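Here's the structure we're looking at; comments come further down.
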Amino acid sequence: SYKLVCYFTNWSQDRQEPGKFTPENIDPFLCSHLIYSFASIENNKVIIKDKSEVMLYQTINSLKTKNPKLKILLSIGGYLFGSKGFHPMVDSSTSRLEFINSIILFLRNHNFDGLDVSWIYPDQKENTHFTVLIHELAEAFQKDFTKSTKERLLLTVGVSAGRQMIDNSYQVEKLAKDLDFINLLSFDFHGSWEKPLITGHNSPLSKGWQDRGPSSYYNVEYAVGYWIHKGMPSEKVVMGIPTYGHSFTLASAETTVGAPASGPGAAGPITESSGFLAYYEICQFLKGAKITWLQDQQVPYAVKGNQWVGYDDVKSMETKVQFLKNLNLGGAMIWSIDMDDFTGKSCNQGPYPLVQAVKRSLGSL
Ligand SMILES: CC(=O)N[C@@H]1[C@@H](O)[C@H](O[C@@H]2O[C@H](CO)[C@@H](O)[C@H](O)[C@H]2NC(C)=O)[C@@H](CO)O[C@H]1O
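Here you go:
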């Protein structure tokens, strides 16, 4: 039994085609779990800020009628929300209790199966707050189940794949008791924010030939091994796989991993954010590009003109699924299905080429 946990986002609705996504684009049988990104916190209570909020509820109810086994979770956190978003809610047990009670009511009222807490990232400063918040949610969800005729609300967390951040942020053995599973954020290993500013892959499975010492932690295999080492049962690790890539503008003629970059890559036409591209943008980028498969890191990168893009393709999906099966992981998580070529129109490999390849690979005996 493997999970396929699929994040989708509430900002993809604002994009033009072929990136214009709403919950109606969701195939109810594509994933085992869907996670809505992201809720907000107002007056210490959970809400959803989304012009299409009430239509989301319609889709939730429709999806769960079509596939009664489907679980749909609500996520709070994400990069933009940061640590600031969790204040003032986390500042006392009183304000945290307001929040936890709001969560139970909201999830039940709106037919959600659970909560994902994706705090990006606690670090030293918020380690205690994150830990207590998770512990209090877990306890409250259990108490609520003790009294309910309904299923216990699930509790998951999106967590760092970086060793140092993991060490600083988490009390892993406690997290292993409190969480149903972790959504391991095994991507954003490299990108245009790095100093020195050199090319590197978003989500390498394995270490680079040039990696030594601390740089040898910056890959998926290491991250998964580290979480397990720290006490997370392998079956509670749901390994994140990205459907976006990180891009660089090259500073010289050199086009290899670790070549100098002047900055992020050119923004994609649809996502309009220099430094990343959705898969449906990558399929356009690849026309006229030279693609290299890294034998050391087991992932591709492509170069065209002065642009360098490290991304994940169908070969990477099948490779990463074989790896997670070999390590007895709980499944795969996707960030995010609304950046796969969900329409099928860009890549000409049918709808959701990456996620279908994950599903097919997971299901293959
Ligand atoms: C589950 C989780 O918390 N994922 C994080 C995401 O927040 C982050 O994606 C980024 O989210 C921002 C909002 O917080 C978006 O504005 C931004 O477009 C988005 N970037 C991409 C490429 O999807 C992802 C990926 O970096 O990982 C975590 O950091």
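Read left to right, the sequence shown gives residues 26 to 390 (the entry's author numbering).
Yeah, the Cβ is synthetic: ideal placement off N, Cα and C, and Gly gets one too.
What's the C-alpha gap between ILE85 and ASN136?
-> Here the question's residue 85 lines up with position 60 in the sequence shown. Here the question's residue 136 lines up with position 111 in the sequence shown. The straight-line gap separating the alpha-carbon atoms of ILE85 and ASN136 is approximately 7 angstroms.
inquiry  = For a test of the three-state rule: what should DSSP assign to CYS308, helix, strand or coil?
reply    = Numbered from its first residue, the sequence shown carries residue 308 at position 283. Residue state, collapsed to three classes: helix.
* Report buried or exposed for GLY187, applying the criterion of at least 16 other Cβ atoms within 10 angstroms of its Cβ. => Within the sequence shown, residue 187 is the residue found at index 162, counting from 1. By the Cβ neighbour-count rule, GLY187 is buried, with 16 or more other Cβ atoms within 10 Å of its own.
- For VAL334, the residue or residues it bridges with in DSSP: Translated into the one-based positions of the sequence shown, residue 334 becomes position 309. In the DSSP assignment, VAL334 forms a beta bridge with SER272, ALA327.
Open item on the list: Shorter than 7 angstroms, the distance from the beta carbon of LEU200 to the closest heavy atom of ligand 1, or not?
Closed with: Position 175 of the sequence shown, counted from the first residue, corresponds to residue 200. No, Cβ of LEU200 sits at least 7 angstroms from all heavy atoms of ligand 1.
Could you tell me the alpha carbon to alpha carbon distance between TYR326 and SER127, rounded to whole angstroms? As a position in the sequence shown, residue 326 is number 301, starting the count at 1. As a position in the sequence shown, residue 127 is number 102, starting the count at 1. C-alpha separation (whole angstroms): 45 angstroms.
Does the distance from the CB of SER185 to the CB of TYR242 come in under 8 angstroms? Within the sequence shown, numbered from 1, the residue matching residue 185 stands at position 160. Within the sequence shown, numbered from 1, the residue matching residue 242 stands at position 217. Contact flag unset, no.
- request: With distances taken Cα to Cα, identify the nearest neighbour of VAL71 among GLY102, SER228, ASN50, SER77.
  value: For the purposes of this step, residue 71 is taken as residue 46 along the sequence shown, with counting starting at 1. Closest option to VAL71, Cα to Cα, is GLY102.
Along the chain, where does the beta strand (DSSP E) containing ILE207 start, and where does it finish? Locating residue 207 in the sequence shown gives position 182, where the first residue counts as 1. From DSSP, the beta strand (DSSP E) with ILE207 extends over 206-210.
- [ ] Give the straight-line distance between the Cα atoms of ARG177 and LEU130, rounded to the nearest whole angstrom.
- [x] Locating residue 177 in the sequence shown gives position 152, counting from the first residue. Locating residue 130 in the sequence shown gives position 105, counting from the first residue. Rounded to whole angstroms, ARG177 and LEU130 show a C-alpha spacing of 13 angstroms.
ask   = Going by other Cβ atoms of all chains shown within 10 Å of its Cβ, with 16 needed for buried, is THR224 buried or exposed?
value = On the sequence shown, residue 224 is found 199 positions in, with the first residue counted as 1. So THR224 counts as buried.
Note to self: Please report the distance separating the alpha-carbon of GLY300 from that of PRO53.
What the structure shows: Numbered from its first residue, the sequence shown carries residue 300 at position 275. Numbered from its first residue, the sequence shown carries residue 53 at position 28. If I take the Cα positions, the gap works out to 31 angstroms.
- Measuring from the CB of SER87, is there a heavy atom of ligand 1 at a distance below 7 angstroms? By 1-based counting over the sequence shown, the position of residue 87 is 62. No; taking the cut-off as 7 angstroms, the Cβ of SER87 has no heavy atom of ligand 1 nearer than that.
Short Cβ contact (8 angstroms threshold) for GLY388 with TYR336: One-based indexing of the sequence shown puts residue 388 at position 363. One-based indexing of the sequence shown puts residue 336 at position 311. With contacts defined as CB atoms closer than 8 angstroms, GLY388 and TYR336 fail to qualify as a contacting pair.
### Query
Any idea which residues DSSP pairs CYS372 with across the strands?
What you label residue 372 is simply residue 347 of the sequence shown in a count that begins at 1. Residue pairing for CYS372: DSSP places it in no beta bridge.
In angstroms with no decimal places, state the Cα-to-Cα distance between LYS89 and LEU95.
Residue numbering aside, residue 89 sits at position 64 when the sequence shown is read from its first letter. Residue numbering aside, residue 95 sits at position 70 when the sequence shown is read from its first letter. If I take the Cα positions, the gap works out to 6 angstroms.
First through last residue of the alpha helix (DSSP H) which encompasses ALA303: Within the sequence shown, numbered from 1, the residue matching residue 303 stands at position 278. No alpha helix (DSSP H) contains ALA303, which is instead part of the beta strand (DSSP E) from 301-303.
Taking its Cβ as the centre, do 16 or more other Cβ atoms sit within 10 Å of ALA286, making it buried, or is it exposed? Counting from 1 along the sequence shown, the entry for residue 286 is found at position 261. That one is buried.
* First and last residue of the uninterrupted alpha helix (DSSP H) at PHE131 -> The residue you call residue 131 lines up with position 106 of the sequence shown. In this chain, the alpha helix (DSSP H) harbouring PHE131 covers 118-134.
Is it right to say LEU354 is buried, meaning 16 or more other beta carbons lie within 10 angstroms of its own, or is it exposed? Mapped onto the sequence shown, residue 354 falls at position 329. With 16 or more other Cβ atoms from the protein chains shown falling within 10 Å of its own Cβ, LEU354 counts as buried.
message: Between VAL334, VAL383, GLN83, which has its C-alpha nearest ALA314's C-alpha?
response: Locating residue 314 in the sequence shown gives position 289, where the first residue counts as 1. Among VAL334, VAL383, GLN83, the Cα nearest to that of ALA314 is on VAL334.
Uninterrupted beta strand (DSSP E) stretches inside the segment 29-97 (no shorter than 3 residues) = Counting only unbroken stretches of 3 or more residues, the beta strand (DSSP E) elements lying wholly within the segment 29-97 are 58-67, 70-72, in sequence order.
* Which residue from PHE46, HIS58, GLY290 puts its Cα closest to that of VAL328? -> Here residue 328 refers to the residue found at position 303 of the sequence shown. Out of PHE46, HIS58, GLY290, the CA that lies nearest to the CA of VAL328 is found in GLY290.
Roughly how many angstroms separate the alpha carbons of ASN152 and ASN193, rounded to a whole number? In the sequence shown, counting from the first residue as 1, residue 152 sits at position 127. In the sequence shown, counting from the first residue as 1, residue 193 sits at position 168. So the alpha carbons of these two residues sit roughly 7 angstroms apart.
Ligand 1 and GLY355: does the residue's C-beta get closer than 7 angstroms to at least one heavy atom of that ligand?
Here residue 355 corresponds to residue number 330 of the sequence shown, with the count starting at 1. Flag unset: Cβ of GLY355 not near ligand 1.
Q | Identified DSSP bridge partners for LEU179 | A | Start at 1 with the first residue of the sequence shown, and residue 179 comes out as number 154. According to DSSP, which records beta bridges pairwise, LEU179 is partnered with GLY139.
Leaving aside the five residues before and after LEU98 along the sequence, list all residues of the same chain whose C-beta is less than 8 angstroms from its C-beta, in chain order.
As a first step, residue 98 is located in the sequence shown; it is residue number 73 there, counting from the start. Answer for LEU98: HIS58, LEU59, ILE60, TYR61, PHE137, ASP138, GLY139, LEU140, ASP141, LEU179, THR181, listed in chain order.
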